[PDB]
Amino acid sequence: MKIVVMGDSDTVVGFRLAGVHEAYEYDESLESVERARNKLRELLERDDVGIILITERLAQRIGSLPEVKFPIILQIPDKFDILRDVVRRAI
Amino acid sequence: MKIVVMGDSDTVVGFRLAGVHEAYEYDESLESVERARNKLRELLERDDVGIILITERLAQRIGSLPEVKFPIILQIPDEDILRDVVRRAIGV
Numbered sequence: 001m002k003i004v005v006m007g008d009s010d011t012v013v014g015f016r017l018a019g020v021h022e023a024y025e026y027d028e029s030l031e032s033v034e035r036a037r038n039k040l041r042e043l044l045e046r047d048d049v050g051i052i053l054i055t056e057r058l059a060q061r062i063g064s065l066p067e068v069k070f071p072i073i074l075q076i077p078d079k080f087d088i089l090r091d092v093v094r095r096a097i
Numbered sequence: 001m002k003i004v005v006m007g008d009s010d011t012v013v014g015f016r017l018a019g020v021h022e023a024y025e026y027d028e029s030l031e032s033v034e035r036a037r038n039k040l041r042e043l044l045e046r047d048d049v050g051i052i053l054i055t056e057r058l059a060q061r062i063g064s065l066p067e068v069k070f071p072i073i074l075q076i077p078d086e087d088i089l090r091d092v093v094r095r096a097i098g099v
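Chains as they are written, first to last, in the deposited numbering: chain A, 1 to 80, 87 to 97; chain B, 1 to 78, 86 to 99.
(1) Out of curiosity, what's the CA-to-CA distance linking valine 93 of chain B and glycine 19 of chain A?
(2) Is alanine 96 of chain B close to chain A, meaning its C-beta is less than 7 Å from at least one C-beta of that chain?
(3) Just verifying my parser: in three-state terms, what is the DSSP assignment at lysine 39 of chain A?
(4) Does any C-beta atom of chain A lie closer than 7 Å to the C-beta of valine 93 of chain B?
(5) When burial is assigned at 16 or more other CB atoms within 10 Å of the CB, is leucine 30 of chain B buried or exposed?
(6) With a threshold of 7 Å between beta carbons, is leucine 43 of chain B in contact with chain A?
(7) Hey, would you say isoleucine 73 of chain B sits closer than 7 Å to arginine 37 of chain B, going by beta carbons?
(8) Step through the CB atoms of chain A and report whether any lies within less than 7 Å of the CB of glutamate 86 of chain B.
(9) For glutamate 25 of chain B, write down the residues that DSSP places opposite it in a beta bridge.
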C-alpha cells in the first residue's frame with residue numbers, strides 16, 4: 001500500500017524528497033481547496049492507499065475530515087528558492 | 001498554461017524542482033498503470049494543460065498513446088539516487 005501527502009508546494013517538496021509514494025499540491029484558493037476535497041474523497045476509495053499525510057491548514061480548509069479508521073490519516077503540524091542551490095549541487 | 005510530468009518518483013521530484021507545474025508519480029504495477037491511463041485522458045480534457053512530459057517506461061506500460069497535436073506530449077528517455092542525493096545535500 002501507498003503513503004500519500006497532500007499539502008502546499010513547500011511541504012510537498014520535502015515529503016517527496018523524504019520518501020512518500022504520491023503527492024498532491026494545493027494552495028488556499030477556493031478552487032484548489034475544492035480539488036483537494038475531491039482528491040481526498042478519491043484517495044479514500046482506493047484500495048492501494050494506506051496512509052494519507054495532510055497539512056493541518058489544508059485539512060481545516062477542506063473542513064470536517066471523514067471519520068475512518070483506514071486508511072490512516074495524519075495531520076502534518078503547521079511547523080513542518088533556498089533548496090535551489092541544494093538541488094543543482096545534488097544532481 | 002501548465003506543463004505536467006508523469007513518471008516515477010525520482011523523475012517526478014526532479015522535474016517538479018526543475019520548473020514543471022504539476023507532477024504525478026506512478027510505479028509499474030497494473031493498478032498504478034491503469035490510473036496513469038485515466039490521468040492522461042483527463043489531462044487531455046483540461047484547458048490549462050499544454051504540455052505533458054511522461055517517462056519512456058510509463059508511456060510503454062500504458063501502451064496506446066494519444067495521437068493529438070495539442071496538448072504536446074513528450075517522452076522522457078529512460086531508484087532513489089536523485090531523492091537520496093538532495094537529501095544528503097541537506098547537511099545544513
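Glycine included, each C-beta is placed from N, C-alpha and C at the ideal position.
Taking the geometry as given:
(1) Against the second sequence, residue 93 of chain B aligns to sequence position 86. Against the first sequence, residue 19 of chain A aligns to sequence position 19. If you draw a straight line from the Cα of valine 93 of chain B to the Cα of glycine 19 of chain A, it is about 12 Å long.
(2) As a working note, residue 96 of chain B is residue 89 in the second sequence. For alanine 96 of chain B, the answer is yes, since a Cβ of chain A falls inside 7 Å of its Cβ.
(3) The residue given as residue 39 of chain A occupies position 39 in the first sequence. Of the three classes helix, strand and coil, the one that applies to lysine 39 of chain A here is helix, per DSSP.
(4) For the purposes of this step, residue 93 of chain B is identified with residue 86 of the second sequence, where counting begins at 1. Cβ-Cβ to chain A under 7 Å: yes for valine 93 of chain B.
(5) Stepping through the second sequence from its first residue, residue 30 of chain B is reached at position 30. The residue in question, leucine 30 of chain B, is exposed, as its Cβ has fewer than 16 Cβ neighbours within 10 Å.
(6) Taking the first residue of the second sequence as 1, we reach residue 43 of chain B at position 43. False, the Cβ-Cβ gap to chain A never drops below 7 Å.
(7) To locate residue 73 of chain B, count along the second sequence from 1; it is residue 73. To locate residue 37 of chain B, count along the second sequence from 1; it is residue 37. Result no, Cβ atoms of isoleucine 73 of chain B and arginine 37 of chain B do not sit closer than 7 Å.
(8) Mapped onto the second sequence, residue 86 of chain B falls at position 79. So no, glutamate 86 of chain B is outside the interface.
(9) The residue you call residue 25 of chain B lines up with position 25 of the second sequence. DSSP output for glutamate 25 of chain B lists B:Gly7 as bridge partner(s).
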